[PDB]
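1. Experimental structure and sequence below.
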Amino acid sequence: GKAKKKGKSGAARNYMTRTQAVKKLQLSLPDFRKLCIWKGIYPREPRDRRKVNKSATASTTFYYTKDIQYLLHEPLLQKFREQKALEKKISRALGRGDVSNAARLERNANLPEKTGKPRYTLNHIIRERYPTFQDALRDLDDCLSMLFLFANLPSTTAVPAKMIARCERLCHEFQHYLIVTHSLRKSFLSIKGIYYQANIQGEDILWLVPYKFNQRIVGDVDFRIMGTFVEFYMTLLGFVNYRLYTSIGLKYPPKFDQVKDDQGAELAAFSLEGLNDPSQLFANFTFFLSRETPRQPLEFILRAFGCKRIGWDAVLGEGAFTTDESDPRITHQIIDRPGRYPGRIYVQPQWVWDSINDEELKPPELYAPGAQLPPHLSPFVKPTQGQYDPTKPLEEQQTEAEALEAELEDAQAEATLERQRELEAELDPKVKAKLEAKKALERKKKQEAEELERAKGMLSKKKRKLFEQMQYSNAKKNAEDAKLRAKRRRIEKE
Amino acid sequence: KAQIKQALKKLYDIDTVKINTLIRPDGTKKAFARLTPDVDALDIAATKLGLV
RNA sequence: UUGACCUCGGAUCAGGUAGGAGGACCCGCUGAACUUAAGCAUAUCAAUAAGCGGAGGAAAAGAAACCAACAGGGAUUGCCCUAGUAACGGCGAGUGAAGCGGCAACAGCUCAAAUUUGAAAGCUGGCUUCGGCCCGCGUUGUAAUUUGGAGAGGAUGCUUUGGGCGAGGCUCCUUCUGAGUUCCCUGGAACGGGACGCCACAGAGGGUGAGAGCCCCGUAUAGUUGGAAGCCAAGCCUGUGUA
RNA sequence: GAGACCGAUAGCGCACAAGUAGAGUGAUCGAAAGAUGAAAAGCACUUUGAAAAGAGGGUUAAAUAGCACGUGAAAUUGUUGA
RNA sequence: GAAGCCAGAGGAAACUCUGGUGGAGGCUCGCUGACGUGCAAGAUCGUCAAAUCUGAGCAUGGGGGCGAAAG
RNA sequence: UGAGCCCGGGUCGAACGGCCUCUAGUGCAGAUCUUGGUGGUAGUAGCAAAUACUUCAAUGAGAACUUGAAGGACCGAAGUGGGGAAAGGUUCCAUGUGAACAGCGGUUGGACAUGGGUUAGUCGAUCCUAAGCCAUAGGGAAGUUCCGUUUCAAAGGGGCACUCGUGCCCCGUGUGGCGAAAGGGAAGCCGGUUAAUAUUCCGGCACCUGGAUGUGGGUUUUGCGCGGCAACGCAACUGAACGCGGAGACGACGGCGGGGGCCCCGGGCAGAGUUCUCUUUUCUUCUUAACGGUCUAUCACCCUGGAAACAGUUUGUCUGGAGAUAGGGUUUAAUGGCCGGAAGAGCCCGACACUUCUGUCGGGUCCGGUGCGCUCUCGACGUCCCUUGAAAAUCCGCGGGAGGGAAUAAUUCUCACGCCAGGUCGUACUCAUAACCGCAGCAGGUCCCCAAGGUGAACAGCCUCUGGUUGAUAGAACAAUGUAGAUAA
RNA sequence: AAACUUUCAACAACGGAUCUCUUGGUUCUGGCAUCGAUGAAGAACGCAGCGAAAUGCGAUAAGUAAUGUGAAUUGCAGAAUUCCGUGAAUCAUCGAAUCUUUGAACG
């Protein structure tokens, strides 16, 4: 019988601390972070951190040993070492003055600043992370959120301007794929931006794109982590677009006319050729779009659901079907300002989003300019019994106590027995019926409370602790709901 | 003992409760494999071992 | 702040090398005594044995800071005489060469010392589709030219070229190649005796029941079959650059 | 490949399961020991004997060749005869 | 069988005796030579060996003369 | 003449001779010659001590030394007994043989031949270091190698970090290995079983170490639990780096006390033995493991209180205002008591069975006493010494506060239960007047464990219980002598 | 007279001399140049149907692959080989392999 030591088996050689992993790999912390981000390696919670490492605190991060083995066997680490040696060589050449050799060594070093592409090829990494196009589609949500954010963000040292341009390119190509295949489904406006949900091969992809302003950047936000994420998501989205285009039959990449890009076409700078219910909403229509309106979102929506003839002001850029506002061959015009051509339907953009939302042409006279717009709903929360729904009415979603209380409000808008007997010796129908109803309901509530107290006493210690936690959570939920229907009540009385 | 158990299970389909091993004076190893109660040593010896 | 160069380190870094055995002969180091003779001592044994280090099919030496004194010879090595001569030794015990001369065998060369300076022209890697791509070493000197019975540089006019296949051949293993088991006697068994023959560029040797050229393997000369690797080579393709 | 060599006390210590058996703590020391017969044809069967073996019988040219085996001296010994 | 302790009796005390309790000892039982000193014609005093038994592991010092040793 | 030469008879089987030259390892009575073989002495000397053997039967061709029974002797717990260390190596065990060995024989053997036999998480090795030694850094040496062991060695670790700038921090040496089958050390007991193995096989009942993980329980919206004056108590009741401590870890002797075994004495049950006579008689059985639960305490420590008219107290000593006596409590526990184990076991006795595998059923296994007795362990006290009494592996606690949270739960809780696993090597036998060494199967040497009783003053002598011998070449004649040396008779 | 001692002869013993033989030694001569970290020389343990030693080999273990020959090995046992054939053999050659523990011996 071997006398095995205490901490030499089990979780000890199952998990490894972050410092131990970094020392084993012989990496700088930035390099370890980049490799973990690219490979999707994440910290784990062991069952007992003391058994894993007797000197481990509550703030110690633990990493899987087999994941550290994958990192050790990754070829990208040898690539990193080669790049570091090369950078030392350029430093040597520049410090001595050999400008031509420095330029050649940079050409070999393949920097994102000049190429516009990520410095490292991540083909095998993406293949092993998502061996299925379904998995690629399943993480496109975060991928697209990142690329739209950085396509709107300015340029940094970690994130080159050319790489911003390539992110914008990839976002536009993905938008064209959505336009052509009509796989965009639903949209929503928020105080955070615009949320788009599309359905690609049965997979729902949801992403957010900010409003076009100077997305303010404050605080200790580090763009190197974001830069690594952007690089990975750029390669991922490039392959997703390639596969989607070769599936539809179109040619990838679509031609990019730098000229029309210069006069600012964005989506209209791409011509997609081939290889040798949703699309009826606005097909037989003609849309013209003001200067104050978000051209990129609105154009994306209209081109996704049918409108093939969209025009706008010259300041928005090239690609307008017509720039003349007075043009008599127009159906609808979008404004949000506080020549009044008769043959025209003037609409506010909530009309466009509510039409895309409900798949039914919304009432324009209700959605008319200068009118207090009706509330905008969120096309994302499903009807969940037991939680507030803004669409169903109070009469079928109240609580019984508030119902009786509202009834008595609308109506107004032993001791008595003995005293009446002694004195005798010496509106009303409804109001009464309601007040006896109130006291009877209160009596029922008191009886229920008594039964609940009897049971909660008929629990044990930890069991009752868990039960009290459930009561606290449910009480907070119904309290928020009660606040909601109270505000409904005051809205509806006014 | 672990290899003896694995070989007995994989090849001749014998389940053993335990194994006791010794080294004979001539240099060969002798292993007593005590089997599970479900199986019968006589039946296994007659069928797979060819021993009467 | 950064970056060079110098020096010194790390790596289970990429690729390699050394140890041990054998030691008959060979190259070095170290190093006795017994014995012999002599008043004594040096000497002799012996620059040996024992011990230590280092190579090969040979080793080592080797192309004069030589021999010589002639009419001169001409790297090294080994044999013959030189010669028991010169020479050193109580001119004891004793020790003890070499030049010449005859033979065997023969073969000559490379660097450092000059500046390519009108062009580091050189070389190690490792990446290769093999065709060429980069990392470097190196100017504190890698190529080409020259090595003192020489040489360089200019001028001059004659004279010489370089690669790739390669039929075939030589060397060595292997296949095959003559003739009595004729008759009689002794004998357990003829391979012995007698008779009549045959082969022989083969009458060496061995086996077979006794001394066998002709029973068997073999043995002699010429070929003949297939294979092995080195070397040579008729011819045939090419050549190139003011080299 | 050979020899005016030696021929089992010779020739290498070793013609053989010889650097073996064996001795020494160890460095080391270190032997003895070849031959039936052409061919095992190495004696079937019978008898005595506990067996070992013996006697008939048989193999072979020979058992005056029986695996204590070619030939088989002397020392020494037994029987027989003088 | 010694120190130490207790009690009785004399001594002003220090002590002395007796009776004990105690169980420490370079204490017992079982089966000489070599020198040195000598202060004389040799006396006395000192020094040197004889150094728990035993299994398994381990280390060290070795001759002579010279010299104060250091060497 | 001679050294010699030739022929005959027998044996035998394969080569040999004469003549003239050539050649040499060429001629034997000696050398206390070499090797081998063989004699007389000579069937001679001789074949020891451990007192000692005898009768019947069986096996066998054969019996003093083969076996069974009986008789007489012996070792006498300081063994002629039961086991180990070292060393040996199959000698152990079953069957067969009797060519050689066992100074005689042999049916016997440690012989020879053929088969078999050694079962482990708990027993050792494996792990740790001790005295000591070896490599590495360096330095000598012509060199094989020597000095050197922490040295003028860049020698070893660990942590932190939103990826702000691909860094920055601390901590400490002799930086490794060897050296112990008696030192340190996690954990297994009882019964039964084979021809040969038993803490290993089977049955019953346990334990330890390591890992993974769930339930219950504890804490938590007062953040990390309560009680007691205190000694401290409990089912667990945050705790990083860093630091401290404990155990491992320890001398010899003396008497004293506690406890467990052994010895002794008595009663009771069952059986056996003597018995002319006597002996309410003599002997034997009457046992209870690991592990778990519960109860049990000297030392020590705490509270009240305050002592000389000094007290307490041991076999002895000593202790006490640096807190005694006294009163009241806390705490360290085993080989102690009770229960489970566990009577179902082991042992004793009786009855019934009869081709075999071999059985079935009844009863009992109880109660005391004592000690200048023996032995193991524990405890307080005293004395002495070379005077704080080896080291390391390993386990635990404490200080310090870095960090840390739970609303269809969190938990860095050493609590209960649940899950999994535990490899390698040795295991036979002897350990000696036959298994080791000594030239050997030698009256010799060789380390340790256990250790009954009677007579008896006795640790003097003698004799028995358990266990083990009857073995030293045997028969006939007589067998109790002689000499020498010691010894206070 | 027998026995005993001695002598001569025949047979039989003991012993291994002589003669004969020799898959051995010894000496001379000739051609050639070839150990080892790609793990040598040496030591150890295993491997055959029945083997102790010598020999061969290394868990692919008296051996595998390839080439050549052409019908065996042998003590016994059991299998072959169709022989008009990739094919026996304790066969030869030998260019591919297997190659346990140490040993310069190297975690």
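-> Ah, there it is. Numbers count the residues shown, from 1 in each chain, chains lettered A, B, ... in the order given.

2. Phi first, then psi, for residue A:173.
-> Dihedral pair for residue A:173: phi -60, psi -40, per degrees, to the nearest 10.

3. my read: it touches residue A:253, true?
-> Yes: the criterion here is C-beta atoms under 8 Å, and residue A:173 meets it with residue A:253 at 6.7 Å. C-beta here means a position set from N, CA and C on the backbone, and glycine is covered the same way.

4. higher neighbour count, the two?
-> residue A:173 (24 against 15; other C-beta atoms under 10 Å in any protein chain shown).

5. ok, now which ones touch the nearest residue to the more buried one once chain neighbours are set aside?
-> Nearest residue to residue A:173, sequence neighbours excluded (C-beta to C-beta, 6 or more residues apart in numbering or on different chains): residue A:241, at 5.1 Å. Contact partners of residue A:241, counting by C-beta atoms under 8 Å, 6 or more residues apart in numbering or on different chains, are A:170, A:173-174, A:177, A:252-253.

6. of those, closest to RNA strand F?
-> Nearest to RNA strand F among the contacts of residue A:241 is residue A:170, at 20.2 Å by C-beta to the nearest atom of the strand.

7. buried ones in the host helix or strand of the residue nearest to residue A:173?
-> Secondary structure from DSSP states H and E places residue A:241 in helix A:223-248. Across helix A:223-248, burial judged by 16 or more other C-beta atoms under 10 Å in any protein chain shown covers A:223, A:226-241, A:244-245.

8. what number of residues lie near whichever residue of the stretch 1-150 of chain A sits closest to RNA strand C?
-> Nearest residue of the stretch 1-150 of chain A to RNA strand C: residue A:95, at 2.0 Å (C-beta to the nearest atom of the strand). By other C-beta under 10 Å, the residues close to residue A:95 number 9.

9. can you give me how far the one helix or strand it maps to is from the chain middle?
-> Assigned by DSSP H and E, residue A:95 falls within helix A:76-96. For helix A:76-96, the separation from the chain centroid amounts to 39 Å (computed by C-alpha atoms, centre = their mean, to the nearest Å).

10. What residue in chain B comes nearest to RNA strand C?
-> For chain B, C-beta to the nearest atom of the strand, closest residue to RNA strand C: residue B:2, 25.9 Å.

11. Quick one: the strands in chain B, in order.
-> B:16-23, B:29-35 (DSSP state E).

12. where along chain B do the helices fall?
-> B:2-10, B:41-44 (DSSP state H).

13. quick one: the last one near RNA strand F?
-> Translated: helix B:41-44. No: Helix B:41-44 is not in contact with RNA strand F by C-beta under 7 Å from any atom of the strand; minimum separation 12.0 Å.

14. got the contact list for that helix?
-> Applying C-beta under 8 Å, 6+ apart, the set of residues contacting helix B:41-44 is B:14, B:35.

15. Same check on the first one?
-> Outside helix B:2-10, the residues within contact range by C-beta under 8 Å, 6+ apart are B:14-16, B:19, B:21, B:31, B:33.

16. List buried residues within those residues.
-> For those, buried by 16+ other C-beta under 10 Å: B:14, B:16, B:33.

17. I'd like those residues as CSV, with distance to RNA strand F appended.
-> As requested, the buried ones among the contacts of helix B:2-10 are exported to CSV (distance: C-beta to the nearest atom of the strand, whole Å):
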residue, distance to RNA strand F
B:14, 16
B:16, 10
B:33, 10
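
18. Can you tell me which of the residues you listed is nearest residue A:61?
-> When these are compared for distance to residue A:61 (C-beta to C-beta), residue B:16 wins out at 45.4 Å.

19. Please tell me how far the closest one sits from residue A:288.
-> From residue B:16 over to residue A:288 the distance is 87 Å, taken as C-beta to C-beta, to the nearest Å.

20. Tell me if the biggest helix by length in chain A is near RNA strand F.
-> Secondary structure of chain A per DSSP H: the longest helix is helix A:461-493. Yes: using C-beta under 7 Å from any atom of the strand, we find that helix A:461-493 touches RNA strand F at A:461-463, A:465-466, A:468-470, A:472-474, A:476.

21. Could you check what's spatially nearest to residue A:378, not counting adjacent residues?
-> That would be residue A:188: by C-beta to C-beta, 6+ apart, it lies 5.8 Å from residue A:378.

22. What is the burial count for residue A:158?
-> 16.

23. Quick check: residue A:453 vs residue A:446, distance?
-> Residue A:453 sits 11 Å away from residue A:446, going by C-beta to C-beta.

24. likewise residue B:48?
-> 79 Å.

25. now do residue A:97
-> 94 Å.

26. Check residue A:78 too.
-> For residue A:78 relative to residue A:446 (C-beta to C-beta), the value is 76 Å.

27. again with residue A:90
-> The value you get for residue A:90 to residue A:446, if C-beta to C-beta is used, is 83 Å.

28. of those two, who's got more company?
-> Using other C-beta under 10 Å, the more surrounded residue of residue A:90 and residue A:446 is residue A:90, with 19 against 10.

29. just checking, the more buried one touches residue A:108?
-> No: applying C-beta under 8 Å, one finds residue A:90 not in contact with residue A:108, separated by 9.2 Å.

30. The residue positioned nearest the centre of chain B pairs with what?
-> Central residue of chain B (C-alpha atoms, centre = their mean): residue B:33, 4.0 Å from the mean position. As for beta bridges, residue B:33 partners with residue B:19 under DSSP bridges.

31. can you tell me which residues contact it?
-> Shown in contact with residue B:33 (C-beta under 8 Å, 6+ apart): B:4-5, B:8, B:14, B:16, B:18-19.

32. Grab the nearest non-local neighbour of residue A:224.
-> Per C-beta to C-beta, 6+ apart, closest to residue A:224 is residue A:158, 4.7 Å.

33. Residue A:226 is in contact with that neighbour, correct?
-> Yes: with contact defined as C-beta under 8 Å, residue A:158 reaches residue A:226; the gap is 7.5 Å.

34. What segments of chain A are strands?
-> Counting by DSSP E, the strands of chain A are A:15-17, A:62-64, A:184-189, A:194-200, A:203-209, A:255-256, A:270-271, A:287-289, A:310-312, A:332-334, A:345-347.

35. Tell me which of those sits nearest to residue A:324.
-> Of these, nearest to residue A:324 by C-beta to C-beta is strand A:310-312, at 7.8 Å.

36. And the contacts of that closest one?
-> A:286-291, A:295, A:299, A:302-303, A:320-324, A:327, A:330.

37. and that strand, which strands flank it?
-> strand A:287-289 (parallel).

38. From residue A:349, how far out is residue A:309?
-> Distance, residue A:309 to residue A:349, by C-beta to C-beta: 18 Å.

39. Tell me which of the two has more neighbours.
-> Neighbours per residue, other C-beta under 10 Å: of residue A:309 and residue A:349, the larger number sits with residue A:349, 21 against 18.

40. What residues does the more buried one make contact with?
-> Residue A:349 neighbours (C-beta under 8 Å, 6+ apart): A:293-294, A:298, A:334, A:336.

41. Next, give phi and psi for it.
-> Backbone torsions for residue A:349, taken as degrees, to the nearest 10, come to phi -60, psi -20.

42. which residues of the stretch 51-200 of chain A fall in helices?
-> A:65-73, A:76-96, A:99-109, A:112-115, A:123-129, A:133-152, A:161-181 (DSSP state H, counting those that start in this stretch).
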